[PDB]
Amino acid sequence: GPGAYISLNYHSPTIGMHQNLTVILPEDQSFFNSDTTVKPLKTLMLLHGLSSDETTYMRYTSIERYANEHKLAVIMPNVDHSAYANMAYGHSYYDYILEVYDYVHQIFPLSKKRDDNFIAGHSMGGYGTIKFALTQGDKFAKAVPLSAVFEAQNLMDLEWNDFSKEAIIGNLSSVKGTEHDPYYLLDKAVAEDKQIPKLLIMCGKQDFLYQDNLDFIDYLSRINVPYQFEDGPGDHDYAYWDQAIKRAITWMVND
């Protein structure tokens, strides 16, 4: 039912600047009793898409209502137009997500057990989610890409307002086969027998990335990596992501 909505602005050693972060911290009885041990909460790292920021899930969905119902802490960082990369000409935004993870688990009552930690996000943030799932599989038991970009070239080549592809990839001529390519990261994770979080992939059938989502899950099936895929009516918008994140939160906290 009740929780805390928290806005934090701290000077990040990784990206060299003050940066805003938002946190949903559902209430627990132990948080109000100085005689009892704090019960650490299950925790979701939740990644915004391109043009969104740390405020937009709160504004355009009812995520705090869903999170409070399931006692799930939610961490919402801001990564600008970075695509969750350590940018060639810009900020170290991949490392920044690792810093945020460590920081909030140190200063808040969040469980540090892998089974209690999840990651999710939409569009550019679903791309970010799969990138972290395949390279930081020891940190998250479950990962939920929503309406994700899996073929990196479609996001690097998109002509969105003020977006600079070169800020991210620099001198790279293509992203295929680089750290920016989720298919390469997947091949590397399997080849090196890394832990892959349990995967729930969701995408609206009217989304322009729907075919891209179908291509990725087919490849997952061909390399014997399990996943759950949920589709249905929905487009590339927060009307879909509001309903999708509600369904995702129920899925992540039940197992």
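C-alpha atoms forming the largest set that superposes within 1.5 Å between two forms make up the rigid core. The first residue of the sequence shown is number 1, and the count goes up from there.
**Q** When the core is superposed, where do the C-alphas shift more in 4 other deposited structures of this protein: in 85 to 93 or in 147 to 155?
**A** Larger mean C-alpha displacement, comparing 85 to 93 and 147 to 155 in 4 other deposited structures of this protein, is found in 85 to 93.
**Q** If you line up the core and then measure how far each C-alpha sits from this form in 4 other deposited structures of this protein, which stretch comes out higher, 164 to 172 or 73 to 81?
**A** Once the cores are fitted, 164 to 172 deviates more in 4 other deposited structures of this protein.
**Q** Can you tell me which stretch has the higher mean Cα B-factor, 222 to 230 or 38 to 46?
**A** If you average the C-alpha B-factors of 38 to 46 and of 222 to 230, the larger mean comes out for 222 to 230.
**Q** Using the B-factors recorded in the PDB entry, average over the C-alpha atoms of 19 to 27 and of 232 to 240, then report which stretch comes out higher.
**A** Comparing averages over the C-alpha atoms only gives 232 to 240.
**Q** So if I compare the CA B-factors in the entry for 163, 96, 140, 127, which one is the largest?
**A** In the PDB entry, the greatest C-alpha B-factor among 163, 96, 140, 127 is found at 163.
**Q** Can you tell me which of 75, 149, 107, 85 has the highest Cα temperature factor in the record?
**A** Going by the entry's C-alpha B-factors, 149 comes out highest.
**Q** Within this chain, which third does the Cα B-factor at residue 58 fall in: lowest, middle or highest?
**A** According to the entry, residue 58 has a C-alpha B-factor in the chain's lowest third.
**Q** Taking the values exactly as deposited, rank residue 182 by C-alpha B-factor within its chain and report the matching third: lowest, middle or highest.
**A** Middle third - that is where residue 182 ends up once the chain's C-alpha B-factors are sorted.
**Q** Sorting the chain's modelled residues by C-alpha B-factor, tell me whether residue 114 ends up in the lowest, middle or highest third.
**A** Within its chain, residue 114 is a middle-third residue by C-alpha B-factor, going by the deposited values.
**Q** Sorting the chain's modelled residues by C-alpha B-factor, tell me whether residue 122 ends up in the lowest, middle or highest third.
**A** Its C-alpha B-factor belongs to the lowest third of this chain's values.
**Q** Pull the Cα B-factor of residue 79 out of the PDB entry and bin it into the chain's lowest, middle or highest third.
**A** Its C-alpha B-factor, which the entry lists for residue 79, ranks in the lowest third among residues of this chain.
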